[PDB]
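Asks: My structure is stored as run-v3.pdb, with PDB, C-alpha atoms (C1' of nucleotides).
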ATOM      1  CA  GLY A   1       4.293 -19.479  -1.974  1.00  0.00           C
ATOM      2  CA  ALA A   2       1.870 -16.859  -3.322  1.00  0.00           C
ATOM      3  CA  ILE A   3      -1.421 -15.999  -1.707  1.00  0.00           C
ATOM      4  CA  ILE A   4      -4.012 -15.313  -4.393  1.00  0.00           C
ATOM      5  CA  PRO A   5      -7.674 -15.541  -3.293  1.00  0.00           C
ATOM      6  CA  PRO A   6     -10.337 -16.804  -5.743  1.00  0.00           C
ATOM      7  CA  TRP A   7     -12.302 -13.579  -5.459  1.00  0.00           C
ATOM      8  CA  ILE A   8     -11.955 -10.078  -4.062  1.00  0.00           C
ATOM      9  CA  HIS A   9     -15.189  -8.414  -3.180  1.00  0.00           C
ATOM     10  CA  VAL A  10     -14.795  -4.657  -3.119  1.00  0.00           C
ATOM     11  CA  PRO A  11     -17.566  -2.921  -1.137  1.00  0.00           C
ATOM     12  CA  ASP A  12     -18.968   0.273  -2.651  1.00  0.00           C
ATOM     13  CA  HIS A  13     -17.350   3.641  -1.776  1.00  0.00           C
ATOM     14  CA  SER A  14     -14.003   2.039  -0.954  1.00  0.00           C
ATOM     15  CA  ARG A  15     -10.736   3.858  -1.439  1.00  0.00           C
ATOM     16  CA  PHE A  16      -7.339   2.739  -2.662  1.00  0.00           C
ATOM     17  CA  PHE A  17      -3.821   3.884  -1.894  1.00  0.00           C
ATOM     18  CA  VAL A  18      -0.382   3.006  -3.060  1.00  0.00           C
ATOM     19  CA  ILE A  19       1.851   2.051  -0.145  1.00  0.00           C
ATOM     20  CA  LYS A  20       5.601   2.364  -0.693  1.00  0.00           C
ATOM     21  CA  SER A  21       8.353   0.751   1.378  1.00  0.00           C
ATOM     22  CA  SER A  22      12.091   1.367   1.440  1.00  0.00           C
ATOM     23  CA  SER A  23      12.488  -2.207   2.566  1.00  0.00           C
ATOM     24  CA  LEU A  24      11.042  -5.580   1.549  1.00  0.00           C
ATOM     25  CA  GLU A  25      11.589  -6.761   5.080  1.00  0.00           C
ATOM     26  CA  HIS A  26       9.190  -4.203   6.596  1.00  0.00           C
ATOM     27  CA  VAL A  27       6.591  -5.503   4.193  1.00  0.00           C
ATOM     28  CA  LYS A  28       7.217  -9.039   5.355  1.00  0.00           C
ATOM     29  CA  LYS A  29       6.904  -7.915   8.950  1.00  0.00           C
ATOM     30  CA  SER A  30       3.611  -6.337   7.983  1.00  0.00           C
ATOM     31  CA  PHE A  31       2.370  -9.620   6.598  1.00  0.00           C
ATOM     32  CA  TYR A  32       3.355 -11.647   9.630  1.00  0.00           C
ATOM     33  CA  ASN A  33       2.336  -9.090  12.220  1.00  0.00           C
ATOM     34  CA  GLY A  34      -0.819  -7.634  10.739  1.00  0.00           C
ATOM     35  CA  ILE A  35       0.172  -4.026  11.187  1.00  0.00           C
ATOM     36  CA  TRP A  36       1.503  -1.233   8.997  1.00  0.00           C
ATOM     37  CA  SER A  37       2.633   2.291   9.516  1.00  0.00           C
ATOM     38  CA  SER A  38       3.319   5.179   7.199  1.00  0.00           C
ATOM     39  CA  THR A  39       5.016   8.513   7.627  1.00  0.00           C
ATOM     40  CA  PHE A  40       3.878  11.310   9.867  1.00  0.00           C
ATOM     41  CA  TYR A  41       1.877  12.880   7.049  1.00  0.00           C
ATOM     42  CA  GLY A  42       1.103   9.555   5.401  1.00  0.00           C
ATOM     43  CA  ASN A  43      -0.504   8.232   8.537  1.00  0.00           C
ATOM     44  CA  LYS A  44      -2.558  11.376   8.899  1.00  0.00           C
ATOM     45  CA  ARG A  45      -3.808  10.921   5.363  1.00  0.00           C
ATOM     46  CA  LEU A  46      -4.730   7.268   5.831  1.00  0.00           C
ATOM     47  CA  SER A  47      -6.233   7.891   9.247  1.00  0.00           C
ATOM     48  CA  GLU A  48      -8.489  10.576   7.855  1.00  0.00           C
ATOM     49  CA  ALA A  49      -9.575   8.470   4.877  1.00  0.00           C
ATOM     50  CA  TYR A  50     -10.332   5.508   7.121  1.00  0.00           C
ATOM     51  CA  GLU A  51     -12.456   7.562   9.517  1.00  0.00           C
ATOM     52  CA  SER A  52     -14.449   8.970   6.580  1.00  0.00           C
ATOM     53  CA  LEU A  53     -15.709   5.652   5.225  1.00  0.00           C
ATOM     54  CA  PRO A  54     -19.414   4.765   4.989  1.00  0.00           C
ATOM     55  CA  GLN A  55     -19.956   1.560   6.958  1.00  0.00           C
ATOM     56  CA  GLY A  56     -19.351  -1.274   4.550  1.00  0.00           C
ATOM     57  CA  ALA A  57     -16.440   0.346   2.807  1.00  0.00           C
ATOM     58  CA  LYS A  58     -12.772  -0.508   3.079  1.00  0.00           C
ATOM     59  CA  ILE A  59      -9.374   0.968   2.365  1.00  0.00           C
ATOM     60  CA  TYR A  60      -7.122  -1.088   0.123  1.00  0.00           C
ATOM     61  CA  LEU A  61      -3.378  -0.771   0.266  1.00  0.00           C
ATOM     62  CA  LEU A  62      -1.351  -1.720  -2.768  1.00  0.00           C
ATOM     63  CA  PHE A  63       2.205  -2.440  -1.644  1.00  0.00           C
ATOM     64  CA  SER A  64       5.356  -1.758  -3.640  1.00  0.00           C
ATOM     65  CA  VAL A  65       8.973  -1.796  -2.525  1.00  0.00           C
ATOM     66  CA  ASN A  66      11.094   1.184  -3.639  1.00  0.00           C
ATOM     67  CA  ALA A  67      13.073   0.530  -6.817  1.00  0.00           C
ATOM     68  CA  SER A  68      11.799  -3.055  -6.912  1.00  0.00           C
ATOM     69  CA  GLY A  69      10.090  -2.709 -10.293  1.00  0.00           C
ATOM     70  CA  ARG A  70       6.849  -4.192  -9.072  1.00  0.00           C
ATOM     71  CA  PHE A  71       3.928  -4.260  -6.693  1.00  0.00           C
ATOM     72  CA  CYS A  72       3.967  -7.124  -4.284  1.00  0.00           C
ATOM     73  CA  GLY A  73       0.627  -7.398  -2.574  1.00  0.00           C
ATOM     74  CA  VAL A  74      -2.678  -6.064  -1.312  1.00  0.00           C
ATOM     75  CA  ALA A  75      -3.905  -5.385   2.194  1.00  0.00           C
ATOM     76  CA  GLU A  76      -6.938  -3.820   3.881  1.00  0.00           C
ATOM     77  CA  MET A  77      -6.932  -1.455   6.801  1.00  0.00           C
ATOM     78  CA  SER A  78      -8.683  -3.117   9.711  1.00  0.00           C
ATOM     79  CA  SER A  79      -8.190  -0.419  12.240  1.00  0.00           C
ATOM     80  CA  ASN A  80      -7.554   3.256  12.587  1.00  0.00           C
ATOM     81  CA  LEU A  81      -4.187   4.320  13.938  1.00  0.00           C
ATOM     82  CA  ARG A  82      -3.517   3.054  17.490  1.00  0.00           C
ATOM     83  CA  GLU A  83      -0.769   3.476  20.063  1.00  0.00           C
ATOM     84  CA  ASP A  84      -1.006   0.108  21.761  1.00  0.00           C
ATOM     85  CA  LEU A  85       0.536  -1.959  18.978  1.00  0.00           C
ATOM     86  CA  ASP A  86       3.992  -3.440  18.723  1.00  0.00           C
ATOM     87  CA  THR A  87       5.879  -0.994  16.578  1.00  0.00           C
ATOM     88  CA  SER A  88       9.189  -2.360  17.808  1.00  0.00           C
ATOM     89  CA  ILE A  89       9.288  -4.731  14.833  1.00  0.00           C
ATOM     90  CA  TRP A  90      10.479  -1.784  12.767  1.00  0.00           C
ATOM     91  CA  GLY A  91      13.257  -0.997  15.250  1.00  0.00           C
ATOM     92  CA  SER A  92      13.001   4.965  15.115  1.00  0.00           C
ATOM     93  CA  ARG A  93      10.484   6.648  12.799  1.00  0.00           C
ATOM     94  CA  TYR A  94       7.236   4.629  12.967  1.00  0.00           C
ATOM     95  CA  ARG A  95       5.849   5.208  16.412  1.00  0.00           C
ATOM     96  CA  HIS A  96       2.232   4.516  15.564  1.00  0.00           C
ATOM     97  CA  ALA A  97       0.627   1.898  13.389  1.00  0.00           C
ATOM     98  CA  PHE A  98      -2.671   0.471  12.359  1.00  0.00           C
ATOM     99  CA  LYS A  99      -3.967  -3.042  11.830  1.00  0.00           C
ATOM    100  CA  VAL A 100      -3.982  -4.519   8.373  1.00  0.00           C
ATOM    101  CA  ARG A 101      -5.453  -7.675   6.934  1.00  0.00           C
ATOM    102  CA  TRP A 102      -3.463  -9.190   4.057  1.00  0.00           C
ATOM    103  CA  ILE A 103      -5.422 -10.402   0.997  1.00  0.00           C
ATOM    104  CA  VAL A 104      -2.980 -10.853  -1.852  1.00  0.00           C
ATOM    105  CA  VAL A 105       0.678 -11.711  -1.776  1.00  0.00           C
ATOM    106  CA  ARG A 106       2.008 -11.749  -5.297  1.00  0.00           C
ATOM    107  CA  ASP A 107       4.393  -9.918  -7.586  1.00  0.00           C
ATOM    108  CA  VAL A 108       3.003  -7.819 -10.400  1.00  0.00           C
ATOM    109  CA  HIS A 109       5.537  -6.155 -12.642  1.00  0.00           C
ATOM    110  CA  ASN A 110       5.504  -2.440 -13.335  1.00  0.00           C
ATOM    111  CA  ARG A 111       5.453  -3.290 -17.058  1.00  0.00           C
ATOM    112  CA  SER A 112       1.951  -4.620 -16.540  1.00  0.00           C
ATOM    113  CA  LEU A 113       0.708  -1.546 -14.735  1.00  0.00           C
ATOM    114  CA  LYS A 114       2.317   1.366 -16.546  1.00  0.00           C
ATOM    115  CA  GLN A 115      -0.847   1.701 -18.661  1.00  0.00           C
ATOM    116  CA  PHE A 116      -2.869   2.972 -15.694  1.00  0.00           C
ATOM    117  CA  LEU A 117      -2.435   6.731 -15.668  1.00  0.00           C
ATOM    118  CA  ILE A 118      -3.542   8.594 -12.576  1.00  0.00           C
ATOM    119  CA  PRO A 119      -5.660  11.688 -13.467  1.00  0.00           C
ATOM    120  CA  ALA A 120      -5.056  13.561 -10.197  1.00  0.00           C
ATOM    121  CA  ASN A 121      -1.342  12.917 -10.428  1.00  0.00           C
ATOM    122  CA  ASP A 122      -0.629  14.783 -13.652  1.00  0.00           C
ATOM    123  CA  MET A 123      -1.398  11.678 -15.684  1.00  0.00           C
ATOM    124  CA  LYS A 124       1.583   9.846 -14.245  1.00  0.00           C
ATOM    125  CA  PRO A 125       1.467   6.042 -14.251  1.00  0.00           C
ATOM    126  CA  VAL A 126       0.442   4.319 -11.020  1.00  0.00           C
ATOM    127  CA  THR A 127       3.900   2.743 -11.078  1.00  0.00           C
ATOM    128  CA  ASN A 128       5.296   6.179 -10.415  1.00  0.00           C
ATOM    129  CA  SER A 129       3.487   7.062  -7.223  1.00  0.00           C
ATOM    130  CA  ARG A 130       4.649   8.226  -3.883  1.00  0.00           C
ATOM    131  CA  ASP A 131       3.652   6.575  -0.654  1.00  0.00           C
ATOM    132  CA  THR A 132      -0.093   7.043   0.069  1.00  0.00           C
ATOM    133  CA  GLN A 133      -0.874   8.145  -3.434  1.00  0.00           C
ATOM    134  CA  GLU A 134      -4.590   7.665  -3.938  1.00  0.00           C
ATOM    135  CA  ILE A 135      -5.926   5.673  -6.881  1.00  0.00           C
ATOM    136  CA  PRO A 136      -9.363   6.123  -8.413  1.00  0.00           C
ATOM    137  CA  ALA A 137     -11.800   3.228  -7.877  1.00  0.00           C
ATOM    138  CA  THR A 138     -12.420   2.055 -11.413  1.00  0.00           C
ATOM    139  CA  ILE A 139      -8.673   2.042 -12.190  1.00  0.00           C
ATOM    140  CA  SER A 140      -8.062   0.186  -8.920  1.00  0.00           C
ATOM    141  CA  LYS A 141     -10.449  -2.631  -9.728  1.00  0.00           C
ATOM    142  CA  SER A 142      -8.622  -3.172 -13.005  1.00  0.00           C
ATOM    143  CA  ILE A 143      -5.344  -3.407 -11.083  1.00  0.00           C
ATOM    144  CA  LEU A 144      -6.941  -5.805  -8.641  1.00  0.00           C
ATOM    145  CA  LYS A 145      -7.828  -7.964 -11.636  1.00  0.00           C
ATOM    146  CA  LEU A 146      -4.130  -8.211 -12.438  1.00  0.00           C
ATOM    147  CA  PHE A 147      -3.334  -9.292  -8.893  1.00  0.00           C
ATOM    148  CA  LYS A 148      -5.778 -12.215  -9.108  1.00  0.00           C
ATOM    149  CA  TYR A 149      -4.657 -13.586 -12.415  1.00  0.00           C
ATOM    150  CA  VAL A 150       4.009 -16.434 -10.300  1.00  0.00           C
ATOM    151  CA  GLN A 151       6.354 -15.068  -7.678  1.00  0.00           C
ATOM    152  CA  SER A 152       5.873 -13.629  -4.240  1.00  0.00           C
ATOM    153  CA  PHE A 153       7.879 -12.390  -1.311  1.00  0.00           C
ATOM    154  CA  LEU A 154       6.627 -15.474   0.515  1.00  0.00           C
ATOM    155  CA  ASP A 155       8.590 -17.885  -1.638  1.00  0.00           C
ATOM    156  CA  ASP A 156      11.946 -18.004   0.164  1.00  0.00           C
ATOM    157  CA  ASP A 157       9.922 -19.100   3.216  1.00  0.00           C
TER     158      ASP A 157
ATOM    159  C1'   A B   1      10.818  20.058   1.184  1.00  0.00           C
ATOM    160  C1'   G B   2       9.556  17.704   8.988  1.00  0.00           C
ATOM    161  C1'   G B   3       6.263  12.205   3.361  1.00  0.00           C
ATOM    162  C1'   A B   4       9.044   4.885   2.741  1.00  0.00           C
ATOM    163  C1'   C B   5       8.103   8.206  -6.508  1.00  0.00           C
ATOM    164  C1'   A B   6       9.738   6.003 -11.959  1.00  0.00           C
ATOM    165  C1'   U B   7      14.148   3.751 -15.359  1.00  0.00           C
TER     166        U B   7
END
Can you dump the structure from the file as structure tokens?
Replies:
Amino acid sequence: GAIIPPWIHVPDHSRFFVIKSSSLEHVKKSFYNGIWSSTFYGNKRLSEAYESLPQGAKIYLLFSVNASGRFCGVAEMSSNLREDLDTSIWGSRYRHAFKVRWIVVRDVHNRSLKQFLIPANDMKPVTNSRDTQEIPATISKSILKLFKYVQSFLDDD
RNA sequence: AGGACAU
């Protein structure tokens, strides 16, 4: 069931964010529907980072369900925030969303990531990040290595 | 605290 691409090419000047979800099902809806949405402030943060990118660069989203003990996949932003997308799939609180392109669907346990300490987050491990916590690039590429190296939320389908 | 942090 997992989706693990042979390579991930990360364009220079790209940025990386932890995405958290209170629900595995919202994540699945993201995969099938190619959209995601964050909080009021979370969206503002992602929207601003996405607008700021030099041309080739991307924004990577590393997904993790709350209290799940793992990360479960990787997506890119493929649009800025829009209003004309179908946010009814989340029922509410997420009135805007942006397009995402899924790259990796695979579980990676927190155990395997708790070595990566985030300097701008008081040296806390990446596994202890809030939604839209930014990750430095060199640390991110190491994490991406772990994603491409087996369970997935696409198995019971 | 108008924010989908860990065991």
Asks: Define the interface residues of chain A facing chain B as those within 9 Å, counting all atoms listed in the file, and report them as a list in words.
Replies: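 Listed by rising number, the hits are residues 19, 20, 21, 22, 23, 38, 39, 40, 41, 42, 65, 66, 67, 69, 125, 127, 128, 129, 130, 131 and 132 of chain A.
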Asks: Which residues match the PyMOL selection byres ((chain A and resi 144-150) around 12) in the file above, as a PyMOL selection string?
Replies: chain A and resi 1-10+16+60-63+70-75+103-113+116+135+137-143+151-155
Asks: Tell me, in Å to one decimal, how far CA of residue 51 in chain A is from CA of residue 100 in chain A.
Replies: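 Here the two named atoms are 14.8 Å from each other.
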Asks: Spell out the residues picked by the PyMOL selection byres ((chain A and resi 77-86) around 9) here, as a ChimeraX atom specification.
Replies: /A:33,35-37,43-44,46-48,50-51,58-61,75-76,87-90,95-102
Asks: Find the distance between CA of residue 18 in chain A and CA of residue 64 in chain A and write it in Å to one decimal.
Replies: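 CA of residue 64 in chain A lies at a distance of 7.5 Å from CA of residue 18 in chain A.
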Asks: Please measure the separation of CA of residue 49 in chain A and CA of residue 30 in chain A, giving the value in Å to one decimal.
Replies: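 So the two atoms, CA of residue 49 in chain A and CA of residue 30 in chain A, lie 20.1 Å apart.
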Asks: Hey, could you patch up range 56-77 of chain A with N, CA and C atoms and hand it over as a compact mmCIF listing (two decimals), keeping the file's coordinate frame?
Replies:
# COMPACT_ATOMS: atom_id res chain seq x y z
N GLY A 56 -19.87 -0.08 5.17
CA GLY A 56 -19.35 -1.27 4.55
C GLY A 56 -18.00 -1.13 3.90
N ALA A 57 -17.57 0.11 3.67
CA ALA A 57 -16.44 0.35 2.81
C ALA A 57 -15.09 0.09 3.46
N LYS A 58 -14.10 -0.18 2.62
CA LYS A 58 -12.77 -0.51 3.08
C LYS A 58 -11.72 0.39 2.47
N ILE A 59 -10.52 0.32 3.00
CA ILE A 59 -9.37 0.97 2.37
C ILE A 59 -8.35 -0.08 1.97
N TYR A 60 -8.08 -0.15 0.67
CA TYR A 60 -7.12 -1.09 0.12
C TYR A 60 -5.76 -0.44 -0.01
N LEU A 61 -4.75 -1.20 0.34
CA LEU A 61 -3.38 -0.77 0.27
C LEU A 61 -2.65 -1.63 -0.75
N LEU A 62 -2.08 -1.00 -1.75
CA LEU A 62 -1.35 -1.72 -2.77
C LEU A 62 0.13 -1.51 -2.53
N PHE A 63 0.82 -2.55 -2.07
CA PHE A 63 2.20 -2.44 -1.64
C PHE A 63 3.24 -2.56 -2.78
N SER A 64 4.29 -1.77 -2.67
CA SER A 64 5.36 -1.76 -3.64
C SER A 64 6.65 -1.36 -2.98
N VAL A 65 7.69 -2.17 -3.12
CA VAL A 65 8.97 -1.80 -2.52
C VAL A 65 9.72 -0.81 -3.44
N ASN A 66 10.35 0.20 -2.85
CA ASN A 66 11.09 1.18 -3.64
C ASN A 66 12.11 0.56 -4.55
N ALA A 67 12.11 0.99 -5.81
CA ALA A 67 13.07 0.53 -6.82
C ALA A 67 13.03 -0.96 -7.10
N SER A 68 11.95 -1.62 -6.69
CA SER A 68 11.80 -3.06 -6.91
C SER A 68 11.21 -3.42 -8.27
N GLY A 69 10.69 -2.45 -9.01
CA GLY A 69 10.09 -2.71 -10.29
C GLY A 69 8.77 -3.45 -10.27
N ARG A 70 8.08 -3.46 -9.15
CA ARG A 70 6.85 -4.19 -9.07
C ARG A 70 5.99 -3.80 -7.89
N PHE A 71 4.76 -4.31 -7.87
CA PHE A 71 3.93 -4.26 -6.69
C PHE A 71 3.95 -5.66 -6.17
N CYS A 72 3.74 -5.83 -4.88
CA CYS A 72 3.97 -7.12 -4.28
C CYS A 72 2.84 -7.62 -3.43
N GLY A 73 1.74 -6.91 -3.36
CA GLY A 73 0.63 -7.40 -2.57
C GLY A 73 -0.45 -6.40 -2.25
N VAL A 74 -1.52 -6.88 -1.63
CA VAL A 74 -2.68 -6.06 -1.31
C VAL A 74 -3.12 -6.31 0.10
N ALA A 75 -3.38 -5.25 0.85
CA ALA A 75 -3.90 -5.38 2.19
C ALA A 75 -5.09 -4.46 2.42
N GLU A 76 -5.92 -4.76 3.41
CA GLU A 76 -6.94 -3.82 3.88
C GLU A 76 -6.55 -3.21 5.19
N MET A 77 -7.00 -1.99 5.46
CA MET A 77 -6.93 -1.46 6.80
C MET A 77 -8.00 -2.16 7.62
